[PDB]
$ cat my_file_24.pdb   # PDB, C-alpha atoms
ATOM      1  CA  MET D   1      63.961  68.066  97.754  1.00  0.00           C
ATOM      2  CA  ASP D   2      60.336  67.668  96.614  1.00  0.00           C
ATOM      3  CA  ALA D   3      58.461  70.976  96.366  1.00  0.00           C
ATOM      4  CA  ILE D   4      60.817  72.642  93.891  1.00  0.00           C
ATOM      5  CA  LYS D   5      60.481  69.886  91.307  1.00  0.00           C
ATOM      6  CA  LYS D   6      56.680  69.720  91.290  1.00  0.00           C
ATOM      7  CA  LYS D   7      56.165  73.486  91.317  1.00  0.00           C
ATOM      8  CA  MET D   8      58.701  74.089  88.542  1.00  0.00           C
ATOM      9  CA  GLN D   9      57.258  71.325  86.367  1.00  0.00           C
ATOM     10  CA  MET D  10      53.699  72.567  86.878  1.00  0.00           C
ATOM     11  CA  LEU D  11      54.663  76.143  85.990  1.00  0.00           C
ATOM     12  CA  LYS D  12      56.536  75.072  82.863  1.00  0.00           C
ATOM     13  CA  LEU D  13      53.483  73.011  81.918  1.00  0.00           C
ATOM     14  CA  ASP D  14      51.307  76.109  82.362  1.00  0.00           C
ATOM     15  CA  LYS D  15      53.596  78.135  80.100  1.00  0.00           C
ATOM     16  CA  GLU D  16      53.608  75.440  77.416  1.00  0.00           C
ATOM     17  CA  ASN D  17      49.819  75.045  77.574  1.00  0.00           C
ATOM     18  CA  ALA D  18      49.263  78.773  77.160  1.00  0.00           C
ATOM     19  CA  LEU D  19      51.753  78.962  74.287  1.00  0.00           C
ATOM     20  CA  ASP D  20      50.222  76.106  72.289  1.00  0.00           C
ATOM     21  CA  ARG D  21      46.703  77.424  72.877  1.00  0.00           C
ATOM     22  CA  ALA D  22      47.781  80.846  71.613  1.00  0.00           C
ATOM     23  CA  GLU D  23      49.352  79.298  68.507  1.00  0.00           C
ATOM     24  CA  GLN D  24      46.186  77.344  67.705  1.00  0.00           C
ATOM     25  CA  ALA D  25      44.076  80.472  68.169  1.00  0.00           C
ATOM     26  CA  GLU D  26      46.331  82.551  65.909  1.00  0.00           C
ATOM     27  CA  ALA D  27      46.295  79.865  63.210  1.00  0.00           C
ATOM     28  CA  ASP D  28      42.493  79.809  63.247  1.00  0.00           C
ATOM     29  CA  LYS D  29      42.502  83.619  63.220  1.00  0.00           C
ATOM     30  CA  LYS D  30      44.684  83.731  60.102  1.00  0.00           C
ATOM     31  CA  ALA D  31      42.551  81.132  58.317  1.00  0.00           C
ATOM     32  CA  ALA D  32      39.316  82.932  59.210  1.00  0.00           C
ATOM     33  CA  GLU D  33      40.838  86.236  58.073  1.00  0.00           C
ATOM     34  CA  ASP D  34      41.774  84.829  54.668  1.00  0.00           C
ATOM     35  CA  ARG D  35      38.342  83.239  54.253  1.00  0.00           C
ATOM     36  CA  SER D  36      36.792  86.596  55.161  1.00  0.00           C
ATOM     37  CA  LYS D  37      38.906  88.241  52.461  1.00  0.00           C
ATOM     38  CA  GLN D  38      37.580  85.679  49.981  1.00  0.00           C
ATOM     39  CA  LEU D  39      34.033  86.496  51.091  1.00  0.00           C
ATOM     40  CA  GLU D  40      34.633  90.219  50.513  1.00  0.00           C
ATOM     41  CA  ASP D  41      36.097  89.628  47.060  1.00  0.00           C
ATOM     42  CA  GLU D  42      33.187  87.420  45.987  1.00  0.00           C
ATOM     43  CA  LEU D  43      30.622  89.809  47.489  1.00  0.00           C
ATOM     44  CA  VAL D  44      31.917  92.733  45.422  1.00  0.00           C
ATOM     45  CA  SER D  45      31.434  90.763  42.193  1.00  0.00           C
ATOM     46  CA  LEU D  46      28.014  89.615  43.406  1.00  0.00           C
ATOM     47  CA  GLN D  47      27.098  93.276  43.838  1.00  0.00           C
ATOM     48  CA  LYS D  48      28.397  94.108  40.358  1.00  0.00           C
ATOM     49  CA  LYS D  49      26.353  91.368  38.680  1.00  0.00           C
ATOM     50  CA  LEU D  50      23.333  92.444  40.740  1.00  0.00           C
ATOM     51  CA  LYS D  51      23.758  96.024  39.520  1.00  0.00           C
ATOM     52  CA  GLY D  52      23.930  94.869  35.907  1.00  0.00           C
ATOM     53  CA  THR D  53      20.838  92.720  36.448  1.00  0.00           C
ATOM     54  CA  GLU D  54      18.976  95.697  37.894  1.00  0.00           C
ATOM     55  CA  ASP D  55      19.983  97.911  34.966  1.00  0.00           C
TER      56      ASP D  55
ATOM     57  CA  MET L   1      66.859  80.234  99.755  1.00  0.00           C
ATOM     58  CA  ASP L   2      67.972  83.064  97.454  1.00  0.00           C
ATOM     59  CA  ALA L   3      68.457  82.041  93.817  1.00  0.00           C
ATOM     60  CA  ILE L   4      65.525  79.616  93.975  1.00  0.00           C
ATOM     61  CA  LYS L   5      63.040  82.417  94.661  1.00  0.00           C
ATOM     62  CA  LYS L   6      64.333  84.477  91.737  1.00  0.00           C
ATOM     63  CA  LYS L   7      64.141  81.470  89.415  1.00  0.00           C
ATOM     64  CA  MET L   8      60.559  80.875  90.537  1.00  0.00           C
ATOM     65  CA  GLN L   9      59.775  84.528  89.809  1.00  0.00           C
ATOM     66  CA  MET L  10      61.178  84.137  86.297  1.00  0.00           C
ATOM     67  CA  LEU L  11      59.067  81.017  85.790  1.00  0.00           C
ATOM     68  CA  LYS L  12      56.045  83.035  86.940  1.00  0.00           C
ATOM     69  CA  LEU L  13      56.746  85.966  84.608  1.00  0.00           C
ATOM     70  CA  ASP L  14      56.816  83.481  81.740  1.00  0.00           C
ATOM     71  CA  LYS L  15      53.536  82.084  83.075  1.00  0.00           C
ATOM     72  CA  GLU L  16      51.775  85.442  83.111  1.00  0.00           C
ATOM     73  CA  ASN L  17      53.043  86.492  79.686  1.00  0.00           C
ATOM     74  CA  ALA L  18      52.160  83.184  78.010  1.00  0.00           C
ATOM     75  CA  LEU L  19      48.708  83.051  79.607  1.00  0.00           C
ATOM     76  CA  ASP L  20      47.946  86.661  78.663  1.00  0.00           C
ATOM     77  CA  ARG L  21      49.046  86.060  75.075  1.00  0.00           C
ATOM     78  CA  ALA L  22      46.884  82.939  74.874  1.00  0.00           C
ATOM     79  CA  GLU L  23      43.819  84.783  76.166  1.00  0.00           C
ATOM     80  CA  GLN L  24      44.384  87.706  73.792  1.00  0.00           C
ATOM     81  CA  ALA L  25      44.781  85.365  70.824  1.00  0.00           C
ATOM     82  CA  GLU L  26      41.557  83.577  71.791  1.00  0.00           C
ATOM     83  CA  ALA L  27      39.705  86.899  71.909  1.00  0.00           C
ATOM     84  CA  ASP L  28      41.175  87.770  68.506  1.00  0.00           C
ATOM     85  CA  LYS L  29      39.923  84.479  67.061  1.00  0.00           C
ATOM     86  CA  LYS L  30      36.440  85.078  68.451  1.00  0.00           C
ATOM     87  CA  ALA L  31      36.287  88.582  66.971  1.00  0.00           C
ATOM     88  CA  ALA L  32      37.680  87.554  63.574  1.00  0.00           C
ATOM     89  CA  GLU L  33      35.340  84.577  63.201  1.00  0.00           C
ATOM     90  CA  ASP L  34      32.343  86.724  64.145  1.00  0.00           C
ATOM     91  CA  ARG L  35      33.408  89.204  61.465  1.00  0.00           C
ATOM     92  CA  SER L  36      33.684  86.447  58.861  1.00  0.00           C
ATOM     93  CA  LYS L  37      30.302  84.900  59.664  1.00  0.00           C
ATOM     94  CA  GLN L  38      28.526  88.269  59.584  1.00  0.00           C
ATOM     95  CA  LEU L  39      30.084  88.924  56.174  1.00  0.00           C
ATOM     96  CA  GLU L  40      28.863  85.512  55.001  1.00  0.00           C
ATOM     97  CA  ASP L  41      25.334  86.358  56.172  1.00  0.00           C
ATOM     98  CA  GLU L  42      25.508  89.641  54.245  1.00  0.00           C
ATOM     99  CA  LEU L  43      26.578  87.648  51.180  1.00  0.00           C
ATOM    100  CA  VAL L  44      23.590  85.316  51.629  1.00  0.00           C
ATOM    101  CA  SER L  45      21.161  88.233  51.839  1.00  0.00           C
ATOM    102  CA  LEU L  46      22.719  89.665  48.676  1.00  0.00           C
ATOM    103  CA  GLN L  47      22.179  86.333  46.914  1.00  0.00           C
ATOM    104  CA  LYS L  48      18.509  86.370  47.929  1.00  0.00           C
ATOM    105  CA  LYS L  49      18.095  89.973  46.770  1.00  0.00           C
ATOM    106  CA  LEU L  50      19.704  89.019  43.457  1.00  0.00           C
ATOM    107  CA  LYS L  51      17.181  86.178  43.225  1.00  0.00           C
ATOM    108  CA  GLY L  52      14.281  88.565  43.751  1.00  0.00           C
ATOM    109  CA  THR L  53      15.706  90.921  41.130  1.00  0.00           C
ATOM    110  CA  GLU L  54      16.028  87.983  38.721  1.00  0.00           C
ATOM    111  CA  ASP L  55      12.368  87.106  39.327  1.00  0.00           C
TER     112      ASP L  55
ATOM    113  CA  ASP I  89      59.011  95.477  72.099  1.00  0.00           C
ATOM    114  CA  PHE I  90      58.444  96.572  75.675  1.00  0.00           C
ATOM    115  CA  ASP I  91      57.911  92.874  76.321  1.00  0.00           C
ATOM    116  CA  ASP I  92      61.317  92.186  74.760  1.00  0.00           C
ATOM    117  CA  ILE I  93      63.206  94.624  76.986  1.00  0.00           C
ATOM    118  CA  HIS I  94      61.146  93.494  79.978  1.00  0.00           C
ATOM    119  CA  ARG I  95      62.100  89.900  79.168  1.00  0.00           C
ATOM    120  CA  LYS I  96      65.782  90.773  78.856  1.00  0.00           C
ATOM    121  CA  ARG I  97      65.575  92.686  82.132  1.00  0.00           C
ATOM    122  CA  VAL I  98      63.964  89.876  84.126  1.00  0.00           C
ATOM    123  CA  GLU I  99      66.439  87.603  82.342  1.00  0.00           C
ATOM    124  CA  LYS I 100      69.512  89.459  83.580  1.00  0.00           C
ATOM    125  CA  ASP I 101      67.741  89.667  86.938  1.00  0.00           C
ATOM    126  CA  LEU I 102      67.490  85.870  87.018  1.00  0.00           C
ATOM    127  CA  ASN I 103      71.119  85.651  85.913  1.00  0.00           C
ATOM    128  CA  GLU I 104      72.484  87.962  88.606  1.00  0.00           C
ATOM    129  CA  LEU I 105      70.202  86.367  91.197  1.00  0.00           C
ATOM    130  CA  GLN I 106      71.286  82.806  90.421  1.00  0.00           C
ATOM    131  CA  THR I 107      74.856  84.104  90.322  1.00  0.00           C
ATOM    132  CA  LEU I 108      74.574  85.521  93.840  1.00  0.00           C
ATOM    133  CA  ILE I 109      72.696  82.370  94.857  1.00  0.00           C
ATOM    134  CA  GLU I 110      75.570  80.128  93.807  1.00  0.00           C
ATOM    135  CA  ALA I 111      77.907  82.716  95.317  1.00  0.00           C
ATOM    136  CA  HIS I 112      76.422  82.596  98.811  1.00  0.00           C
ATOM    137  CA  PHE I 113      76.163  78.853  98.255  1.00  0.00           C
ATOM    138  CA  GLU I 114      79.939  78.765  97.907  1.00  0.00           C
ATOM    139  CA  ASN I 115      80.468  81.193 100.793  1.00  0.00           C
ATOM    140  CA  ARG I 116      78.284  79.332 103.284  1.00  0.00           C
ATOM    141  CA  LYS I 117      79.895  76.159 101.946  1.00  0.00           C
ATOM    142  CA  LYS I 118      83.367  77.414 102.842  1.00  0.00           C
ATOM    143  CA  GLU I 119      81.964  78.436 106.214  1.00  0.00           C
ATOM    144  CA  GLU I 120      80.581  74.927 106.679  1.00  0.00           C
ATOM    145  CA  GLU I 121      83.961  73.450 105.757  1.00  0.00           C
ATOM    146  CA  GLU I 122      85.597  75.703 108.340  1.00  0.00           C
ATOM    147  CA  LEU I 123      82.990  74.676 110.901  1.00  0.00           C
ATOM    148  CA  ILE I 124      83.564  70.999 110.090  1.00  0.00           C
ATOM    149  CA  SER I 125      87.300  71.443 110.611  1.00  0.00           C
ATOM    150  CA  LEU I 126      86.360  73.198 113.842  1.00  0.00           C
ATOM    151  CA  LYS I 127      84.305  70.175 114.917  1.00  0.00           C
ATOM    152  CA  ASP I 128      87.196  67.895 113.990  1.00  0.00           C
ATOM    153  CA  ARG I 129      89.768  69.808 116.025  1.00  0.00           C
ATOM    154  CA  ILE I 130      87.067  69.966 118.699  1.00  0.00           C
ATOM    155  CA  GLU I 131      86.889  66.180 118.833  1.00  0.00           C
ATOM    156  CA  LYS I 132      90.681  66.166 118.890  1.00  0.00           C
ATOM    157  CA  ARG I 133      90.412  68.437 121.914  1.00  0.00           C
ATOM    158  CA  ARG I 134      87.843  66.116 123.485  1.00  0.00           C
ATOM    159  CA  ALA I 135      90.132  63.126 122.997  1.00  0.00           C
ATOM    160  CA  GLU I 136      93.223  64.911 124.311  1.00  0.00           C
ATOM    161  CA  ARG I 137      91.356  66.256 127.337  1.00  0.00           C
ATOM    162  CA  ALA I 138      89.981  62.768 127.934  1.00  0.00           C
ATOM    163  CA  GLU I 139      93.392  61.108 127.818  1.00  0.00           C
ATOM    164  CA  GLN I 140      95.111  63.728 129.970  1.00  0.00           C
ATOM    165  CA  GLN I 141      92.221  63.751 132.444  1.00  0.00           C
ATOM    166  CA  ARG I 142      92.403  59.966 132.582  1.00  0.00           C
ATOM    167  CA  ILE I 143      96.161  60.095 133.183  1.00  0.00           C
ATOM    168  CA  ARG I 144      95.628  62.594 135.995  1.00  0.00           C
ATOM    169  CA  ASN I 145      92.939  60.367 137.485  1.00  0.00           C
ATOM    170  CA  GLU I 146      95.175  57.304 137.176  1.00  0.00           C
TER     171      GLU I 146
END
$ encode --input "my_file_24.pdb" --output "structure tokens"
Amino acid sequence: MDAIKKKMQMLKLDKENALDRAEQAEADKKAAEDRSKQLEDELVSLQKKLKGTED
Amino acid sequence: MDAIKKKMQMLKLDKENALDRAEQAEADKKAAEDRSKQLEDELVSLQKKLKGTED
Amino acid sequence: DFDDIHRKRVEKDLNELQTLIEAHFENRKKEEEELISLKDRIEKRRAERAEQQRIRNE
């Protein structure tokens, strides 16, 4: 037939598109999270040196 | 027919789950990156305050 | 997770459904074979009625 092929292929394409988009988003989320952790760690030391400067 | 409809329904359940996961991951990325950039801005303001204290 | 058991459930649903699909495929297929044999013996009946009718008419 004809309809089954096109509908099935389009739906599988939709699933694959959503999956890859989710993977890209999660990768960027993990990278941003680690960079945020770095920012926290540096900010604490910045606060410590600021406190010493103020003393 | 009979089995074809059920197979289509399976292909649609995969569609919904993949699309929902993609959207949720995208929202997670947006939230995490906003968190990181706000932390970076806080770090910048701390640098400027340290500069004023140094002056 | 709940998604895992849901996935396994719709999975076995697809499995049983495609199983019954192929099953009624086979059943209706046997029925079509029987109907084809019916058509064949039917054409045999047409030919035999034709020849005997023609003999009578002769």
$ resolve_selection --input "my_file_24.pdb" --expression "the PyMOL selection byres ((chain D and resi 23-32) around 10)" --output "list in words"
residues 18, 19, 20, 21, 22, 33, 34, 35, 36, 37 and 38 of chain D; 21, 22, 23, 24, 25, 26, 27, 28, 29, 30, 31, 32, 33, 34, 35, 36 and 37 of chain L
$ calpha_fit_rmsd --input "my_file_24.pdb" --fixed "chain D" --moving "chain L"
1.4 Å
$ residues_around --input "my_file_24.pdb" --residues "residue 52 in chain L" --least-positions-apart "5" --cutoff "12 Å" --atoms "only C-alpha atoms" --output "list in words"
residues 50, 53 and 54 of chain D; 45, 46 and 47 of chain L
$ atom_distance --input "my_file_24.pdb" --atom1 "CA of residue 104 in chain I" --atom2 "CA of residue 2 in chain L"
11.1 Å
$ closest_residue --input "my_file_24.pdb" --among "I:89, I:95, I:101, I:106" --to "chain L" --atoms "all atoms listed in the file"
I:106
$ atom_distance --input "my_file_24.pdb" --atom1 "CA of residue 7 in chain L" --atom2 "CA of residue 102 in chain I"
6.0 Å
$ closest_residue --input "my_file_24.pdb" --among "I:123, I:135, I:93, I:105" --to "chain L" --atoms "only C-alpha atoms"
I:105
$ atom_distance --input "my_file_24.pdb" --atom1 "CA of residue 99 in chain I" --atom2 "CA of residue 12 in chain D"
16.0 Å
